[PDB]
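All the letters of the sequence shown, read from the start, carry residue numbers 1 to 399, 409 to 632 under the entry's author numbering.
All C-beta atoms in this analysis are idealised placements derived from N, C-alpha and C, irrespective of residue type, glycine included.
Presented below is the structure to which this report refers.
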Amino acid sequence: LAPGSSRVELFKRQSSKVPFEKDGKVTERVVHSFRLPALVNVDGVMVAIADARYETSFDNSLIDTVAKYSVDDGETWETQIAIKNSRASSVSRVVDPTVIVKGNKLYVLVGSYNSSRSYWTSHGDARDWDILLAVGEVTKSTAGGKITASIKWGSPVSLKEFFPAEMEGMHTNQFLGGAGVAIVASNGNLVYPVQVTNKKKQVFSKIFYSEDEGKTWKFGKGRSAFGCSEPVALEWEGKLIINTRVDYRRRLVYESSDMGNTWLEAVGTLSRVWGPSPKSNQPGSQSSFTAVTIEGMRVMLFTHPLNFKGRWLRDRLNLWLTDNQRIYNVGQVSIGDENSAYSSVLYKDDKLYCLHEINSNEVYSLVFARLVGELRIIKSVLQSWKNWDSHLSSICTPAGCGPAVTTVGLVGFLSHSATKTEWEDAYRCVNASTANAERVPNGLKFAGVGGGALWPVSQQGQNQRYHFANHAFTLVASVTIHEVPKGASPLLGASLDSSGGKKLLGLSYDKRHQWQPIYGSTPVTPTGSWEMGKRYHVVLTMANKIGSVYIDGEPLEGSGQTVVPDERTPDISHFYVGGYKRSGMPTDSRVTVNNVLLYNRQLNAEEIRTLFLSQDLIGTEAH
Ligand SMILES: OC[C@H]1O[C@@H](O[C@H]2[C@H](O)[C@@H](O)[C@@H](O)O[C@@H]2CO)[C@H](O)[C@@H](O)[C@H]1O
Ligand SMILES: CC(=O)N[C@H]1[C@H]([C@H](O)[C@H](O)CO)OC(C(=O)O)=C[C@@H]1O
């Protein structure tokens, strides 16, 4: 928890009580565990929803859906049960509650079981299952001079009639919501991401929506891959963005422009970025994922635990910030090495809060946190992004001004800032490490066996922000060479292994004053010429498994070659700059490099000429 932020234990394990109703009688009852938190804002009133696990934390036991609410931003709360289970046996339950806010109503979706003691994904049929919808109505009043509020909960309705017996190539079994909070799309529709089983017991995700305020429901035709569960969704620039959990694997994210009729993997932005454990081979988790507007810029907020300990413990809850381009680690929200899996984040009247799980010996509470510090840091990063995007967009490029320098899809920038061992990211997400570097205006100058810089890719570890590079990228720089080499030496490139011996795409130079471009594993043909002391402009592109190299804006011989054998998907290790940064490799490069830019797509020709023509104008030096 950052400096300046604080919390309280709100749903207190083995302490807080709720109004348990049975046989027309109501009694205040102490609860063992609270889980599956969901935190929202209804027209001025804060509401918190979750699971009340009466007797034990075991998933298949006695559970009702509880609610708490406040009109003073979290100093005081009232308590109630919003949805009760069927009362048929000692293990009846309503599970995984998923919430939508619209006008002054709360729409809550839950599964309902009568008596099974087995985990739901292992049932062979639906004999014990039902799926339901309850609506709560929120009204405000002021009797006494001070604000008040009440909430009236309606009886649940089954939506079973809207589940077809068959989908494309399978037979249906059961379905449930994805937990946490869902959304109202910009056309008015109610939209719930859902998880479904079929008769072979495989799990997968769909879109489940309503056009008549929840009176009827439909399914979109498409689906995620088998193995994706507990999905969570938001709306961005006209698409639904669906974010999934996959046990024992890196997380998959999908895009859809038509209410779920067609699904496409987000290879160029967010898919495969977040892993469930340092080696990504442990159970996954539930996540909060919303779109909000801060100081006039729209952005996304996402949380997930790092799970250093393993299995289901899921310690160290982290918060991330992104604009669908750059991706920044806000930090750790939980405290110390405690266990902390599920979570919910809310932005209200310009303040940030989080409701989340804590776990000691399989006994669970929900704490409520005021994230004053997290928001401070966020605002600082958003200003820096806005400032550098504005600076670059305002430069008068030469012919009266030519076309503008592009910032769409720009991800990283290495320029004037540097310490003794790092080259700093102007966008503040990923730095590069260095050796034998001497600082100069807007760049670095290297020399000797072992010199150069390294901008990590798969080397980032658990969470990999530049995974898009395995699908498409553009890399740009200015360079000058100071000594004719003995053999062939490296200048800039993308490497598949950690030495730099297995290249995907790169550029070197040799003793006969020629360039040596390198296309994957293809045999190397030297070409063109250069003079010492002369400044040159360099660009590398890769898309659709094809790579290119430009000098001063023009493509060299051999451009247009295959860099990925149609076989698999590349796993890039790092980009190397002005050397391999490896003492064990024999080359010695004596060169200066300035202003390195990284983009998540292949640039167009006009975009390349402007960048070339405007080299002397973009450094960060004056600021
Ligand atoms: O740690 C609590 C979680 O248990 C998970 O269930 C595990 C269970 O702990 C393990 O012993 C074995 O039975 O495999 C189960 C996975 O299906 C639940 O999935 C999770 O909801 C937590 O309750
Ligand atoms: C078991 C169940 O009905 N609810 C569980 C839920 C569920 O498995 C998922 O929503 C569908 O796979 O997830 C988890 C979990 O962290 O493993 C805890 C919930 O108690």
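- If only uninterrupted beta strand (DSSP E) runs of at least 3 residues are considered, those enclosed by the segment 530 to 577 are 545 to 552 and 555 to 560.
- Inter-residue distance for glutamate 295 and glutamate 374 is about 15 Å (C-alpha atoms, whole angstroms).
- Taking a C-beta distance under 8 Å as the contact criterion, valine 157 and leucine 106 do not qualify as a contact pair.
- Counting only residues of its own chain and dropping the five nearest sequence neighbours on each side, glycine 4 has a CB closer than 8 Å to the CB of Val372, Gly373 and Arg376.
- By the rule of a C-beta closer than 5 Å to any heavy atom of ligand 1, the residues picked out are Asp59, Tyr119 and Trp312.
- DSSP, reduced to helix, strand and coil, places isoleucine 294 within a strand of the structure shown.
- If you look at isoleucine 378, you'll find it in the alpha helix (DSSP H) that goes 372 to 394.
- The DSSP assignment places 63 to 70 and 78 to 83 as complete runs of the beta strand (DSSP E) inside the segment 50 to 96, in order along the chain (cut-off: 3 residues).
- The beta-carbon distance between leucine 252 and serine 271, rounded to whole angstroms, is 6 Å. This is short enough to meet the 8 Å contact definition.
- Beyond the five residues adjoining it in sequence on each side, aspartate 315 comes within less than 8 Å, by CB distance, of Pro305, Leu306, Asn307, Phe308, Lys309, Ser334, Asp337, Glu338, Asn339 and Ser340 in the same chain, given in chain order.
- Around the CB of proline 574, fewer than 16 other CB atoms lie within 10 Å, so the residue is classed as exposed.
- The beta-carbon distance between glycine 562 and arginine 618, rounded to whole angstroms, is 6 Å. This is short enough to meet the 8 Å contact definition.
- For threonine 596, there is no enclosing alpha helix (DSSP H), as DSSP marks it with neither H nor E.
- Of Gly214, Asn198 and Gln286, the smallest CA-CA separation from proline 231 is found for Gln286.
- Taking the CA atoms as reference points, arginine 370 sits about 54 Å from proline 564.
- Nearest neighbour of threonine 550 by Cα position, chosen from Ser568, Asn324 and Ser112, turns out to be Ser568.
- With fewer than three CB-CB distances shorter than 8 Å, the segment 68 to 80 does not count as touching the segment 94 to 110.
- Within the same chain, and ignoring the five residues on either side of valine 367 in sequence, the residues whose Cβ sits closer than 7 Å to its Cβ are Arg7, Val8, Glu9, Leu10, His356 and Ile358.
- The nearest non-hydrogen atom of ligand 2 is 7 Å or more from the C-beta of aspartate 323.
- Per DSSP, reduced to three states, the secondary structure at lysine 17 is strand.
- Distances from the CA of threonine 262 to each of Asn324, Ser90, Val18 and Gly220 were compared; the closest alpha carbon is that of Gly220.
- In this structure, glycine 587 and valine 602 form a Cβ contact; the two beta carbons are roughly 5 Å apart against a cut-off of 8 Å.
- The Cβ atoms of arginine 35 and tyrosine 364 lie closer than 8 Å to each other.
- In chain order, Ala444, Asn445 and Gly588 place their CB closer than 6 Å to the CB of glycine 460, counting only its own chain and leaving out the 5 sequence neighbours on each side.
- Rounded to the nearest angstrom, the gap between the Cα atoms of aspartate 128 and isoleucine 581 is 48 Å.
- Separation of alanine 82 and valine 45 (C-alpha to C-alpha, rounded to the nearest whole angstrom) is 16 Å.
- Minimum Cα-Cα distance from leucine 505 among the listed residues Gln468, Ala497, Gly214 and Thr303 corresponds to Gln468.
- Using a Cβ distance threshold of 8 Å, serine 224 and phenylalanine 204 count as a contacting pair.
- With a cutoff of 8 Å on beta-carbon distance, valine 191 and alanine 134 are scored as not near each other.
- For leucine 319, the closest C-alpha among the options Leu313, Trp120, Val330 and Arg311 is that of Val330.
- Taking 7 Å as the cut-off, one finds at least one heavy atom of ligand 2 near enough to the beta carbon of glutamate 230.
- Taking C-beta separations shorter than 8 Å and ignoring five residues to either side along the sequence, the partners of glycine 227 in its chain run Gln202, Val203, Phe204, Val246, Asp247 and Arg249, following chain order.
- In summary, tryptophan 274 is buried, with 16 or more beta-carbon neighbours lying within 10 Å of its beta-carbon over all protein chains present.
- Put simply, of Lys206, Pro278, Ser498 and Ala552 the residue whose alpha carbon is nearest the alpha carbon of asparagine 243 is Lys206.
- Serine 150 places its beta carbon 8 Å or farther from that of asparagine 114.
- The beta carbon of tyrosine 608 is closer than 6 Å to those of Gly418, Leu419 and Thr483 in its chain, skipping five residues each way along the sequence.
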